[PDB]
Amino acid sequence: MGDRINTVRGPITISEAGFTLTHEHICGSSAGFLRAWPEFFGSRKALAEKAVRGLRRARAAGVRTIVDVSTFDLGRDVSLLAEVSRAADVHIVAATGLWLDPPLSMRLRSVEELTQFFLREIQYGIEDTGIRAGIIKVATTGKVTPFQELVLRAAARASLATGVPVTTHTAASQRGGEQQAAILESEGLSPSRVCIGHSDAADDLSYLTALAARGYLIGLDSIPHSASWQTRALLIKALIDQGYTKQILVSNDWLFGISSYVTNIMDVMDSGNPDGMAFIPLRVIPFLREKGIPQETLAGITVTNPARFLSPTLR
């Protein structure tokens, strides 16, 4: 809080975070799936070793902290997160919230009940681990459904109660952040607590600048998903040129295992981006400096902006 954020190894001071990737995943899965069917990923051991190798390579490239925005329904296994964080010596911030696959036991809950679930994971711990979430992740479809609106209100109330930020999954093509922002502001949530994710898939700079002008963080968090990735990277330069350097968060949205998709999509992605989570420091950062963006600006985006974002702020 304030001076410190929760990680899966415990609280760290904001200065320790360093180069932070604010939207990543160790595993994209489903609640209970890794523990019920680890051989889907070869084995749990095989999956953890893959994640440790990849995190160590991102660390070599300068990454010091990642935010795993896998929720309960993305199969978040915070014991796996802690194992790989410790072995890679990379800070991992865990998430609460709900993505696009809530089971019935979540889909039938009230906004008050969802609020208590998010407060439990932030304030008490996830499962029986004592590991606390440092961010609340919400996904909506283009047109926000009734249940998704409940999740956003619960996220806003939990963020207002704890100071931890909210990060969203959007369809940038449907300008979904505008619906999300309206709801979140209807609860009194400051835009400076909110990242509008998957924004690098947008064909509408005006949509991005208007949100940034309101104080939202712009998650250009899927750049290596292109990947033309050069065109998506230029959105970073575009927002810098308009005076919104401080509103930019950059990430890879990479994963080391995937079960919530057609089998073998992980291999396809690995042949496309062998850098994995190292893609931002190894490719995008030098691309931007080559375009004349000063080093101090890039340090602001990769260190200072996440630190201001992740630092529990306001109420």
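Residue positions are given as counts along the sequence shown, with the first one as 1.
In terms of unmodelled positions of the deposited sequence, the stretch from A227 to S228 in this entry skips 10 or more residues. Annotation for 29-37 versus 259-267: the higher mean temperature factor (C-alpha) is found in 259-267.
Checked against the record, the higher mean CA B factor of 66-74 and 243-251 lies with 243-251. When the C-alpha B-factors of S222, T96, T140, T129 are read from the PDB record, the largest value belongs to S222. In the deposited entry, the Cα temperature factor of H169 sits in the middle third of values across the chain's modelled residues. Residue-level temperature factors show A233 in the highest third of its chain, judged at the C-alpha atom.
Sort the chain's modelled residues by C-alpha temperature factor and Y207 lands in the highest third, per the entry. Looking at the C-alpha B-factors along this chain, the one for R107 belongs to the lowest third. Ranked by C-alpha B-factor against the other modelled residues of its chain, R193 falls in the middle third.
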